[PDB]
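Asks: This one's experimental. Sequence and coordinates below.
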Amino acid sequence: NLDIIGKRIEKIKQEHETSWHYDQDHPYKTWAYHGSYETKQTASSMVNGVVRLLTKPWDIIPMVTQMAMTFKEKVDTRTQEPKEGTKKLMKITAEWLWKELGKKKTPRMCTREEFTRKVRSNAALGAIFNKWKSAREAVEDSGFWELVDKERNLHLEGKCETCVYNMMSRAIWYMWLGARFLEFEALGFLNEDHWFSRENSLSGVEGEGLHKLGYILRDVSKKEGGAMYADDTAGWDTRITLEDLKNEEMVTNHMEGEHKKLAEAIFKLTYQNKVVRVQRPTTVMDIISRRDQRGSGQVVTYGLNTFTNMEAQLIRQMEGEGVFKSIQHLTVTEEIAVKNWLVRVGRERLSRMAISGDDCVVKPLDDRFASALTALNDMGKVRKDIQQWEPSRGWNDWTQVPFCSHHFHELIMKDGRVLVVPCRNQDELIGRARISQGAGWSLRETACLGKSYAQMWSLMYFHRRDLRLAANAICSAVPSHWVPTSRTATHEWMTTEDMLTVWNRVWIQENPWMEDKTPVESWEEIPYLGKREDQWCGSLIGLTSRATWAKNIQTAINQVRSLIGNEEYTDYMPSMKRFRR
Ligand SMILES: NS(=O)(=O)c1cnc2cccnn12
Ligand SMILES: NS(=O)(=O)c1cnc2cccnn12
Ligand SMILES: NS(=O)(=O)c1cnc2cccnn12
Ligand SMILES: [Cl-]
Ligand SMILES: [Zn+2]
Ligand SMILES: [Zn+2]
C-alpha cells in the first residue's frame, strides 16, 4: 500500500508544503484522497479555416457545425471482484494466450534511439510542461537522461518516486516524458514488434490499415457459424480489474535479466498502484490513488486492451459452446476440458474474431454465444446500451457490422474487380476535418493539416462523391509541394507522392485480396458507391446547396489561394469527368 506509493506522495507534499491541506469536502469515493495544493489553468477545439472555406454547404448542417463547439463520475465507480471460477478461466486463458503470442516473437527492451525517433516525428506519447520546452529539447539534452537514470535505478531497486499520472468516454492520463520512456523501454516491444498483428495474434488488426479492415471482416464472414456480434463495453478502461492487471503482468514470465526487472516494476509500481493529480474548481490539485482500472500510456493501453479483450471473447465463446457450466467454481475435469479446447481449436476460435483494443467483432460457432453472459458480466465487461441479462443482437450481413467507427461496402469496379472500402456517416468525416487541436497554427500549418485530411479522403473515401470533390478542391487550393502534417492504422496519405500512384500501390499492387494487378491509369476508372447508398451514408448530392458548391468550386479554390498568396498551385479538378471540358 503506502510503502509502494508514499515516496511519490511525500515528494509532491514537499514541493507544495506551503499549500498542502487534507481538504474535508473532497468528492472522491472509490479513489483514495491524500491532499491538495494551489495552481490555476486548463486548450480547446479550433476550426480549420482552409477546410471550412472549401466545404460551404456543411456550414448549415448542425451535425457538422456542433462538432466544433464545447461523466468523470464514471472514473469514480467500483467493479466487484470476480468469482473463483471466472479467475481460473482468465488465468488458464491468459497463460495460453501469452504462449501463443510468444511462439514467433521475443520480448525485448526498446532503445533510446527508438524513443528519440518517436519524439522527432510527433507520436501521441502524452508528456507535460517545468525544465525543458518540448520533448524534442529534453531528448537532445544529457540532464534529462540523468533524471531518467535516477528513476530507472529506483525501479530495479523495486521503488518509484516520479511516475505520477495527470488526469484530464475518454481520460488521457499524461506522465512526464521520463516515466513515458521507462514504460516504452519495458513494454514498447508489444507495439514496436507487432505482437497484435493479424499474422501473429490471429484476432488482432494492429498495423493492418483502414483499407484492410473490410477485407478482414469479409474473411471472418466466410467462416461457418452464427451471426456477427459487435458488443461495445461500457467504459472498458474503468472496468479493468486487479485480476486483469495480474493476467497482463504474466508477459514478464517470458522475459529475463534487466528487461524482466524493468517490466515487473512498471506493472507492480505504476499499473497495479497509481498516483494521479486531478484539477478541481472548488482551482486546487488533488493527489488521489487507486490499484485497479487502466492507467498506462495510450500505445501500451491499446496492446493490453487487445490482449484482455481477446481473452474475454475466447471465454464468452467457451461459455456458448458449453465448455464449462458455472462461473462459481471450475471442477478439475472442467479445467482440463478448457485447456484441451484452447490447445485443440483455440487458434481457429481466435481467427473468428477482429479485435482492436476494447473494440471487437466475433463470429462464434453458433448463436448460443448471444445469451452466454455470465462470465462476461462477472469479468466486469458489462455491454453498453442493453440490459445486463438481455441476449446480444447479432448482425446477419458483414457490410452492416460496425468496427473501429466504420462499416464496409463491397464496390465493383467497371472492369469487374472487387474493392472492400471503409465508410462512415459523411457528417462525421467533414466535421472532424474542420477541427484543429492547439495554439499557434500558422496559415501554412493549417493548410498542411487540411491537405492531410484531403489525401486521406482520396485514398480511403474516394467512393463518396462529396469527399472526392472536396479532396480535389483542398489539394488544388494548397500549394502542390507543401507537405501534409498532423501533430499526433498505417498513414499512406502522409506523402507528397501523386495520390493516383499511392491509390494503385494500396488498392491493387500490395492488396492481397486483388489477384489481377493491372494498374488504374485515371481517377475515372475508380468507382463511387451507388448514388442512393452515398445519400444513405450522408451525401448532399441532389441538394441545390451542393449543386452550386460543385458548379462554382474554382471560385472557392481561388478564395483560399488568394489568402495563402502567390505560391505554385496545381488544378486537380479535371481529374473528375464533370470538370474535364
Ligand atoms: N472499489 S473496488 O472495486 O476497488 C473494490 C472491490 N472490493 C474491494 C475491497 C476493498 C477495496 N476496494 N474494493
Ligand atoms: N537505454 S536503452 O533502453 O537504450 C538500452 C539499454 N540496454 C539495452 C539493451 C537492449 C536495448 N536497449 N537497451
Ligand atoms: N480490481 S477490483 O475492482 O476487482 C478489486 C477487488 N478488490 C479490490 C481491492 C482494491 C482494489 N481493487 N479491487
Ligand atoms: Cl444485419
Ligand atoms: Zn517510477
Ligand atoms: Zn457507408
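Replies: Nice, I can see it. Numbering: from 1, shown residues only. Ligands and ions are numbered 1, 2, ... in the order given.

Asks: what ranges do the strands span in the protein?
Replies: 32-38, 45-47, 165-166, 274-280, 284-290, 353-356, 359-362, 407-412, 418-423, 435-437 (DSSP state E).

Asks: wait, which of these is closest to ligand 4?
Replies: strand 407-412 (10.5 Å; C-beta to the ion). The C-beta positions use only the backbone N, C-alpha and C, and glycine is treated the same way.

Asks: quick one: the closest one near ligand 4?
Replies: No. Strand 407-412 does not reach ligand 4 (C-beta under 5 Å from the ion); its nearest approach is 10.5 Å.

Asks: With mean neighbour count and distance to residue 91 added, can I get the strands of the chain in a markdown table?
Replies: Shown next, in a markdown table, are the strands of the chain (neighbours: other C-beta atoms under 10 Å; distance: least, C-beta to C-beta, whole Å):
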| stretch | mean neighbour count | distance to residue 91 |
| --- | --- | --- |
| strand 32-38 | 17 | 28 |
| strand 45-47 | 14 | 43 |
| strand 165-166 | 20 | 28 |
| strand 274-280 | 19 | 23 |
| strand 284-290 | 20 | 23 |
| strand 353-356 | 24 | 20 |
| strand 359-362 | 24 | 21 |
| strand 407-412 | 16 | 36 |
| strand 418-423 | 20 | 37 |
| strand 435-437 | 17 | 41 |
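
Asks: With distance to ligand 3 added, can I get these in TSV?
Replies: Below are these laid out as TSV (distance: least, C-beta to the nearest ligand atom, whole Å):
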stretch	distance to ligand 3
strand 32-38	10
strand 45-47	33
strand 165-166	16
strand 274-280	11
strand 284-290	7
strand 353-356	22
strand 359-362	21
strand 407-412	34
strand 418-423	36
strand 435-437	33
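
Asks: wait, which of those strands is closest to residue 17?
Replies: strand 32-38 (9.1 Å; C-beta to C-beta).

Asks: Which neighbouring elements make contact with that closest one?
Replies: On a contact count with 3 or more C-beta pairs under 8 Å, 6 or more residues apart in numbering; DSSP states H and E, strand 32-38 meets helix 2-15, strand 284-290.

Asks: so what secondary structure elements neighbour the longest helix along the chain?
Replies: Secondary structure of the chain read by DSSP state H shows that its longest helix is helix 298-320. Under the contact definition 3+ C-beta pairs under 8 Å, 6+ apart, helix 298-320 sits against helix 84-102, helix 177-187, helix 189-192, helix 242-249, helix 332-350, strand 353-356, strand 359-362, helix 374-378.

Asks: Give the other helices and strands that the third one contacts.
Replies: The helices and strands touching helix 189-192, judged by 3+ C-beta pairs under 8 Å, 6+ apart, are helix 298-320.

Asks: Would you mind getting the angle between the helix it packs on and helix 84-102?
Replies: Angular relation of helix 298-320 and helix 84-102 on a 0 to 180 degree scale: 120 degrees, by axes from the mean of the first three to the mean of the last three C-alpha atoms, to 10 degrees.

Asks: just checking, residue 302 touches residue 195?
Replies: No. Assessed by C-beta atoms under 8 Å, residue 302 is found out of contact with residue 195, at 10.8 Å.

Asks: For those two, list the residues in contact with both.
Replies: Common neighbours of residue 302 and residue 195, using C-beta atoms under 8 Å, 6 or more residues apart in numbering, are residue 206.

Asks: buried residues in stretch 388-402?
Replies: Within stretch 388-402, the residues scored as buried using 16 or more other C-beta atoms under 10 Å are 392, 394, 395, 398, 401.

Asks: Equivalent analysis for stretch 291-303, please.
Replies: In stretch 291-303, counting by 16+ other C-beta under 10 Å, buried: 292, 293, 294, 295, 296, 297, 298, 299, 300, 301, 302, 303.

Asks: Among the residues you listed, which one sits closest to residue 514?
Replies: Once C-beta to C-beta is applied, the member of those that ends up nearest residue 514 is residue 302, at 28.6 Å.

Asks: List the contacts of the closest one.
Replies: 191, 196, 206, 356, 357.

Asks: Quick check: the second one touching residue 189?
Replies: Think residue 196. No. Checked against C-beta under 8 Å, the pair residue 196 and residue 189 is beyond contact range at 11.6 Å.

Asks: Once you drop chain neighbours, what's closest to the closest residue to ligand 1 within the stretch 201-350 of the chain?
Replies: Residue nearest to ligand 1 within the stretch 201-350 of the chain: residue 292 (4.8 Å; C-beta to the nearest ligand atom). Spatially, and ignoring its direct neighbours in sequence, residue 292 is nearest to residue 242 (5.2 Å; C-beta to C-beta, 6 or more residues apart in numbering).

Asks: Around the one you found, how many other residues sit close by?
Replies: Applying other C-beta atoms under 10 Å, we find 14 residues neighbouring residue 242.

Asks: same deal with the one 5 residues further on?
Replies: Taking other C-beta under 10 Å as the neighbour definition, residue 247 ends up with a count of 23.

Asks: nearest residue to it other than its sequence neighbours?
Replies: residue 94 (3.6 Å).

Asks: Report the contact partners of the one you found.
Replies: Going by C-beta under 8 Å, 6+ apart, residue 94 touches 247, 248, 250, 307, 311.

Asks: go again using 7 Å as the cut-off
Replies: 247, 250, 311 (C-beta atoms under 7 Å, 6 or more residues apart in numbering).

Asks: That one and ligand 1, how far apart?
Replies: For residue 94, the distance to ligand 1 (C-beta to the nearest ligand atom, to the nearest Å) stands at 20 Å.

Asks: Any figure for the gap between that residue and residue 23?
Replies: According to C-beta to C-beta, to the nearest Å, residue 94 stands 40 Å off from residue 23.

Asks: how much space between the residue nearest the centre of the chain and ligand 3?
Replies: Nearest to the mean C-alpha position of the chain, by C-alpha atoms, centre = their mean, lies residue 302 at 6.4 Å. Applying C-beta to the nearest ligand atom, the value for residue 302 to ligand 3 is 21 Å.

Asks: try residue 261
Replies: Using C-beta to the nearest ligand atom, we find residue 261 at a distance of 25 Å from ligand 3.

Asks: again, but for residue 451
Replies: From residue 451 over to ligand 3 the distance is 46 Å, taken as C-beta to the nearest ligand atom.

Asks: Would you enumerate the residues in contact with that residue?
Replies: Counting by C-beta under 7 Å, 6+ apart, residue 451 has contacts 474, 475, 478, 482, 484.

Asks: any chance of the residues you listed in CSV, with distance to residue 454 and neighbour count too?
Replies: Shown next, in CSV, are these (distance: C-beta to C-beta, whole Å; neighbours: other C-beta atoms under 10 Å):
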residue, distance to residue 454, neighbour count
474, 4, 28
475, 5, 24
478, 8, 27
482, 12, 17
484, 8, 21
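
Asks: farthest-separated two in the residues you listed?
Replies: With distances taken as C-beta to C-beta, the most widely separated pair in the contacts of residue 451 is 474 and 482, at 11.3 Å.

Asks: quick one, domains of the chain?
Replies: 1-38+111-187+241-292, 49-55+403-579, 81-103+196-209+226-236+296-402 (automatic domain parsing).

Asks: Now tell me what touches stretch 201-219 from outside.
Replies: Counting by C-beta under 7 Å, 6+ apart, 101, 194-198, 306, 310, 347, 350-351, 353-356, 361, 398, 401, 403-404, 406, 408, 420-422, 460, 489-490, 506-507, 513 sit against stretch 201-219.
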